[PDB]
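S.K.: My sequence and its experimental structure, below.
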Amino acid sequence: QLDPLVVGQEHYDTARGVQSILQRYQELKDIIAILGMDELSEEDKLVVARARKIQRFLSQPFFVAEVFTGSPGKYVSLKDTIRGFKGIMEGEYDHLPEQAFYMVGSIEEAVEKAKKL
Amino acid sequence: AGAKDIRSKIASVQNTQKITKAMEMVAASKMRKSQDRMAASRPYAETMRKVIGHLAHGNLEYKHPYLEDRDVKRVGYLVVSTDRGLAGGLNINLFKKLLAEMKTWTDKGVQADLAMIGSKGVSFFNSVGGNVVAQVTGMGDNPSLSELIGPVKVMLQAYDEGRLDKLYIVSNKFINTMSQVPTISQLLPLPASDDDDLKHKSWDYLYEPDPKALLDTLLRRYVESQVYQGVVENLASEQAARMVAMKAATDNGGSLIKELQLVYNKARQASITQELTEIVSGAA
Amino acid sequence: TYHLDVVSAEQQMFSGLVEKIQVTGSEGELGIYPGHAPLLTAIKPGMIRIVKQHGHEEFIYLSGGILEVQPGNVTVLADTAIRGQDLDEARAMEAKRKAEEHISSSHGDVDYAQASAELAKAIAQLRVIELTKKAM
């Protein structure tokens, strides 16, 4: 069902951008392992950081996992998730730390978690 | 996976580790040669700063623009950077410190200008959009003063012409063979001498031809040595940082060898058994 | 005799014990014997004559500089290249042009070039991560 004629152009483009930059991060992992992250071009450091922030924002707390951790479960609507990933990809949240995105609901919870570190 | 496909990558990573070891050795020798050339440069600046202190802060203290703190409305920086990568985080720490201070200066609404030594900063600041106005690149292992004459001349002319004020040099201070720190230091207006030449009371030079036109040349030549000194210290810091970075890269390669060999062993065991089981089970 | 230093911004050029020297200061020729009064001057590009004690004579070419003499000591802060109002302005003009354009040169480190290209080709396309199960 991940076709523009089924899910709309905005959803399709967001999903494909996420895939594209996670794949670009996969391609950089092997050189980061050898030489360290300081050899990367200035724009490659940015795709690395945004890829790690996407990887964190993909996490979510569950109502059934509410007994393995203590976090309350979150329900995220499709509109909010594409609204958040489209925001991350184009750099409007570049200033937050990675941990602001770990185990949150919509992006407006990540901006709040950033305040409490 | 595939046993042959994994053995090929084990060989590739071993070759990489060997290359990085050779680079560590080369850098560890160039570091010694560079840090001796660094010591060959002290006497000029020292024995010239004593003279400048005598003519400037001694008796009959003369008056010169480079000695006094006119009000600041725009600032200038001389930026030294490496021409070669693989130096670790050396250049980016320095450029980030420069951007922090240059942003603090533009909070007060002052304008700022840049002069670049080395190709890396030239590449960086055009991407950030900095106002570079003069540059020299391609120095490599052989930094001449007769090439630093140019941009230092540009900054000195822009200073005495009234445009710039309070110009700086930013560079990496070589402190230990594994410790180098980015520093921003003030060259003009001339920093204040710790020592006092009141003891020089008892003598005065027979200035031929005349003291003011001579102090001008002394001050111009002095900023040049201090810049040149900054360039050579930055070069020795680059060599030390590349040494450390290639050391780390050789150890990372040496661990990837362990992981890839574990994977290769599992792959070759599985291949032996998957073949021999097919043979034995095929024989009715 | 007195101690004499000939020092450039890059490296030292002479550090012997001398009995007298002769130079062409900007205002004329000039001869320094021991005990000369403290003096400061510019010197023009040309030769300078040293006589080391025991009378050994030698000639050093200087591209200019500043001569400063003290009680019992003397130094020549020699220039490393010819200096002048026009030459330095030509060098500054080229340094400005190279920045108003975006023209950059190539460093001479052929060894770094060799090693860097070898390491770039060796590290390329080896899909180690996702071959070994290393998360990071």
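M.R.: Thanks, I have it. Numbering: from 1, shown residues only, chains lettered A, B, ... in the order given.
S.K.: residues near the residue of chain B found nearest chain A, how many?
M.R.: Residue nearest to chain A within chain B (CB to the nearest CB): residue B:89, separated by 4.6 Å. Bear in mind the C-beta positions are built from the backbone N, C-alpha and C, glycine included. Using other CB atoms under 10 Å in any protein chain shown, residue B:89 has 15 other residues around it.
S.K.: need the contact list for it.
M.R.: Contacts of residue B:89 were listed using CB atoms under 8 Å, 6 or more residues apart in numbering or on different chains, and they are A:38, B:241.
S.K.: Which residue comes closest to the closest residue to chain B within chain A once chain neighbours are left out?
M.R.: Nearest residue of chain A to chain B (CB to the nearest CB) works out as residue A:38 at 4.6 Å. For residue A:38, ignoring the flanking residues on the chain, the nearest one in space by CB to CB, 6 or more residues apart in numbering or on different chains is residue B:89 at 4.6 Å.
S.K.: Relative to residue B:17, how far out is that neighbour?
M.R.: To residue B:17, residue B:89 is 22 Å away according to CB to CB, to the nearest Å.
S.K.: likewise residue A:57?
M.R.: Distance from residue A:57 to residue B:17, by CB to CB: 36 Å.
S.K.: Outline the domain layout of chain C.
M.R.: Taking curated CATH domains as the criterion, chain C consists of the domains C:1-87, C:88-136.
S.K.: How are the strands of chain C distributed by residue range?
M.R.: Assignment of strands within chain C using DSSP state E yields the ranges C:2-7, C:12-14, C:17-25, C:28-32, C:39-43, C:46-52, C:56-62, C:65-70, C:73-78.
S.K.: Now tabulate the domains of chain C in CSV and tack on mean neighbour count.
M.R.: Below are the domains of chain C laid out as CSV (neighbours: other CB atoms under 10 Å in any protein chain shown):
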stretch, mean neighbour count
domain C:1-87, 16
domain C:88-136, 15
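S.K.: Out of these, flag the one nearest residue B:132.
M.R.: The closest of the domains of chain C to residue B:132 is domain C:88-136. By CB to CB, the value is 5.3 Å.
S.K.: wait, which of the strands of chain C is closest to residue B:265?
M.R.: Among these, the nearest to residue B:265 by CB to CB is strand C:12-14 (61.1 Å).
S.K.: do the closest one and chain B meet?
M.R.: Yes. Using CB under 8 Å from any CB of the partner chain, strand C:12-14 reaches chain B at residue C:12.
S.K.: That strand pairs with which strands?
M.R.: Partners of strand C:12-14 in the sheet, by DSSP bridges, are strand C:2-7 (antiparallel).
S.K.: Could you give the separation of the partner strand from the chain centroid?
M.R.: The chain centre lies 17 Å from the centre of strand C:2-7; the measure is CA atoms, centre = their mean, to the nearest Å.
S.K.: Kindly report the same for stretch B:66-86.
M.R.: Offset of stretch B:66-86 from its chain centre (CA atoms, centre = their mean): 13 Å.
S.K.: how long is it end to end?
M.R.: One end of stretch B:66-86 to the other measures 38 Å (CA to CA, to the nearest Å).
S.K.: Go through it and flag the buried ones.
M.R.: Buried positions in stretch B:66-86, judged by neighbour count with 16 or more other CB atoms under 10 Å in any protein chain shown: B:66-67, B:74-86.
S.K.: And stretch B:226-236, by the same measure?
M.R.: Across stretch B:226-236, burial judged by 16+ other CB under 10 Å covers B:226-236.
S.K.: Mind jotting down where the strands sit in the stretch 101-250 of chain B?
M.R.: Secondary structure of the stretch 101-250 of chain B (DSSP state E, counting those that start in this stretch): strands at B:111-117, B:132-136, B:165-176, B:179-188, B:206-207.
S.K.: For those, give me JSON lines that also has mean neighbour count and distance to chain C.
M.R.: Shown next, in JSON lines, are the strands of the stretch 101-250 of chain B (neighbours: other CB atoms under 10 Å in any protein chain shown; distance: least, CB to the nearest CB, whole Å):
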{"stretch": "strand B:111-117", "mean neighbour count": "23", "distance to chain C": "7"}
{"stretch": "strand B:132-136", "mean neighbour count": "24", "distance to chain C": "4"}
{"stretch": "strand B:165-176", "mean neighbour count": "20", "distance to chain C": "15"}
{"stretch": "strand B:179-188", "mean neighbour count": "17", "distance to chain C": "15"}
{"stretch": "strand B:206-207", "mean neighbour count": "14", "distance to chain C": "4"}
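S.K.: just checking, what packs against the top helix by length along chain C?
M.R.: The longest helix of chain C (DSSP state H) is helix C:85-100. Where contact means 3 or more CB pairs under 8 Å, 6 or more residues apart in numbering or on different chains; DSSP states H and E, helix C:85-100 is packed against strand B:132-136, helix B:145-160.
S.K.: Apply 10 Å and report the result again.
M.R.: In terms of contacts (3 or more CB pairs under 10 Å, 6 or more residues apart in numbering or on different chains; DSSP states H and E), helix C:85-100 is packed against strand B:111-117, helix B:119-128, strand B:132-136, helix B:145-160.
S.K.: Look up how far residue C:108 lies from the nearest residue to residue C:27 once chain neighbours are set aside.
M.R.: With CB to CB, 6+ apart as the measure, residue B:209 is the residue that lies nearest to residue C:27, at 5.0 Å, once sequence neighbours are left out. Separation of residue B:209 from residue C:108 (CB to CB): 42 Å.
S.K.: again with residue B:187
M.R.: Counting by CB to CB, the gap from residue B:187 to residue C:108 is 28 Å.
S.K.: How about residue B:154?
M.R.: Between residue B:154 and residue C:108 the computed distance is 24 Å (CB to CB).
S.K.: Kindly report the same for residue C:127.
M.R.: Taking CB to CB as the measure, residue C:127 and residue C:108 are separated by 35 Å.
S.K.: ok so, going back, out of the domains of chain C, the one nearest residue B:243 is which?
M.R.: domain C:88-136 (13.0 Å).
S.K.: could I get the domains of chain C as CSV with distance to residue B:52?
M.R.: Shown next, in CSV, are these (distance: least, CB to CB, whole Å):
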stretch, distance to residue B:52
domain C:1-87, 11
domain C:88-136, 20
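S.K.: Which among those is found nearest to residue B:191?
M.R.: domain C:1-87 (18.9 Å).
S.K.: Give the full set of residues in contact with the residue nearest the centre of chain B.
M.R.: The residue lying closest to the centre of chain B (CA atoms, centre = their mean) is residue B:234, at 3.5 Å. Neighbouring residues of residue B:234 by CB atoms under 10 Å, 6 or more residues apart in numbering or on different chains: B:34, B:38, B:79-82, B:90-91, B:94, B:117-118, B:143, B:169-174, B:180, B:182.
S.K.: do the same with residue B:64
M.R.: Contacts of residue B:64 (CB under 10 Å, 6+ apart): B:52, B:55-56, B:160, B:189-190, B:212, B:215-216, B:218-219.
S.K.: can we see that at 7 Å?
M.R.: When contacts are counted by CB atoms under 7 Å, 6 or more residues apart in numbering or on different chains, residue B:64 is found next to B:215-216, B:219.
S.K.: So it versus residue B:55, what's the distance?
M.R.: From residue B:64 to residue B:55 the distance is 9 Å (CB to CB).
S.K.: so what's in contact with these two at the same time?
M.R.: Here residue B:64 and residue B:55 have residue B:215 as joint contacts, going by CB under 7 Å, 6+ apart.
S.K.: If you drop the residues flanking it in sequence, what lies closest to residue A:55?
M.R.: residue A:22 (7.3 Å).
S.K.: can you pull the contacts of residue 93?
M.R.: In the absence of a named chain, this looks at chain A. Counted by CB under 7 Å, 6+ apart, residue A:93 has contacts residue A:87.
S.K.: Hmm, no, I was thinking of chain B.
M.R.: residue B:182 are the contacts of residue B:93 under CB under 7 Å, 6+ apart.
S.K.: Pull the helix or strand hosting it out as PDB, backbone CA atoms only.
M.R.: Residue B:93 belongs to helix B:90-107 when assigned by DSSP states H and E. The C-alpha coordinates for helix B:90-107 follow below in PDB (Å, rounded to 0.1, in the frame of the first residue of the first chain):
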ATOM      1  CA  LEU B  90      41.700  19.400  15.100                       C
ATOM      2  CA  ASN B  91      40.200  21.900  12.600                       C
ATOM      3  CA  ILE B  92      36.600  21.700  13.600                       C
ATOM      4  CA  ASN B  93      37.100  22.500  17.300                       C
ATOM      5  CA  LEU B  94      39.000  25.600  16.300                       C
ATOM      6  CA  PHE B  95      36.400  26.700  13.700                       C
ATOM      7  CA  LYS B  96      33.700  26.200  16.300                       C
ATOM      8  CA  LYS B  97      35.500  28.300  18.900                       C
ATOM      9  CA  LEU B  98      36.100  31.000  16.300                       C
ATOM     10  CA  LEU B  99      32.400  31.000  15.400                       C
ATOM     11  CA  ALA B 100      31.400  31.200  19.100                       C
ATOM     12  CA  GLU B 101      33.600  34.300  19.600                       C
ATOM     13  CA  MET B 102      32.800  35.800  16.200                       C
ATOM     14  CA  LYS B 103      29.100  35.500  17.100                       C
ATOM     15  CA  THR B 104      29.600  37.100  20.500                       C
ATOM     16  CA  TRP B 105      31.300  40.000  18.700                       C
ATOM     17  CA  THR B 106      28.300  40.400  16.300                       C
ATOM     18  CA  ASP B 107      25.800  40.400  19.100                       C
END
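S.K.: All set, thanks.
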